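Colleague: fold the stuff below for me.
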Amino acid sequence: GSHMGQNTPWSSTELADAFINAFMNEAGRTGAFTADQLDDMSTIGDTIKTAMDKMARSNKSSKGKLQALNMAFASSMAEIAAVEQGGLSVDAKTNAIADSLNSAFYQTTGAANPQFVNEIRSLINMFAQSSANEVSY
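Modeller: Numbers count the residues shown, from 1 in each chain. There you are, the coordinates:
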């Protein structure tokens with residue numbers, strides 16, 4: 001049963017804005033991220049929109065830009081989540097982020113997208129590990 005269609009939050013600037021906005025709202029509900037942490041995340045909102053504008057104007061990576069956007073966004077979350085902090089864990093925050101993403105999809109459209117969430121989750125892990133293995137004791 002092929003989808004025969006495509007649905008991505010980066011399809012339009014309006015969608016991305018709504019997704020980011022809704023995402024922040026859900027993140028606030030979790031309380032996993034602090035006020036300062038939220039500010040850093042909200043920053044990616046304007047950065048993404050700006051990048052999309054310039055990227056859209058260009059005639060290169062018409063499709064590759066999709067992966068770049070997902071990686072760039074995920075990278076910001078991975079870096080922010082991968083912080084020392086106190087009484088908190090990156091794993092716990094990672095789970096909370098995934099939950100917020102699902103809610104954002106519904107508010108932005110109204111359909112859960114666990115597949116997309118997993119894709120972002122994987123990117124975060126890659127960025128966190130810096131594309132490198134470890135003892136993992």
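
Colleague: wait, residue 81 touches residue 94, no?
Modeller: Yes - contact status for residue 81 versus residue 94: in contact at 5.9 Å, counting by C-beta atoms under 8 Å. Backbone N, C-alpha and C define where each C-beta goes, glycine included.

Colleague: who touches both of those two?
Modeller: Common contacts of residue 81 and residue 94, defined by C-beta atoms under 8 Å, 6 or more residues apart in numbering, comprise residue 124.

Colleague: didn't residue 97 look like it was pressed against residue 27?
Modeller: Yes - using C-beta under 8 Å, residue 97 is in contact with residue 27, at 7.2 Å.

Colleague: quick one, what contacts residue 7?
Modeller: By C-beta under 8 Å, 6+ apart, the contact set of residue 7 is 109, 111, 113.

Colleague: and residue 100, how many neighbours does it have?
Modeller: By other C-beta atoms under 10 Å, 22 other residues sit near residue 100.

Colleague: check contacts around it.
Modeller: 23, 26-27, 29-30.

Colleague: now it, nearest residue through space, not along the chain?
Modeller: Counting by C-beta to C-beta, 6 or more residues apart in numbering, residue 100 lies nearest to residue 26, which is 3.3 Å off, once chain neighbours are set aside.

Colleague: helix, strand, or coil at the one you found?
Modeller: Here residue 26 is recorded as helix under DSSP: H, G, I helix; E, B strand; the rest coil.

Colleague: quick check: buried residues in the lengthiest helix in the chain?
Modeller: As assigned by DSSP state H, the longest helix anywhere in the chain is helix 35-57. Judged by neighbour count using 16 or more other C-beta atoms under 10 Å, the buried positions of helix 35-57 are 37, 41, 44-45, 48, 51-52, 55.
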